[PDB]
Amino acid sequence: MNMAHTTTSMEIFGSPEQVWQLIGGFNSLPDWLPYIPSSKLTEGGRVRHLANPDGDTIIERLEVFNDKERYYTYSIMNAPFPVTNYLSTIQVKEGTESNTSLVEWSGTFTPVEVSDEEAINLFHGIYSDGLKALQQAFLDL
């Protein structure tokens, strides 16, 4: 119990549903994250193996999933990150217009071998870069 927090929200030029169709897949990070080469599912779709572009790997577990409320929460089973009790959620909220959406990527975790600020900086950077790339891909009809 330490639990650091970080979040980042960003407007995407696409209807919430359309945006969720592209990012709501647990194994679909490679379709929108320019930092993920490939993703593999295990346990009938409950576990994803991300092939990190550095030899290391990230294994995560789907914790919660709701199609219509457009969101999914997941936890880390095995990754090189310097934290524990990692829990992250990515949700597609209402945009400012009906053809717009606001994506939120949050995460709670316990820093280990790094300060709260350093871990907060790490994932905030990962989240923000992820959403900026997504913003880029959608305003590319």
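Numbering starts at 1 and follows the sequence shown.
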Fill in the blank from the handout: With B-factors read from the PDB entry, the higher C-alpha mean of 68 to 76 and 52 to 60 is in 52 to 60
Handout entry: Segment of higher mean CA temperature factor, 131 to 139 or 1 to 9
Key = 1 to 9
Handout entry: From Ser38, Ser115, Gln91, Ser88, residue of greatest CA B-factor
Key = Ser38
Practice task
Could you tell me which third, lowest, middle or highest, the C-alpha B-factor of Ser98 occupies within its chain?
Solution key: highest
Problem - Modelled-residue ranking by C-alpha temperature factor, third containing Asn27 - result: lowest
Practice task
Relative to the other modelled residues of the same chain, rank the CA B-factor of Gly107 and answer lowest, middle or highest third.
Solution key: middle
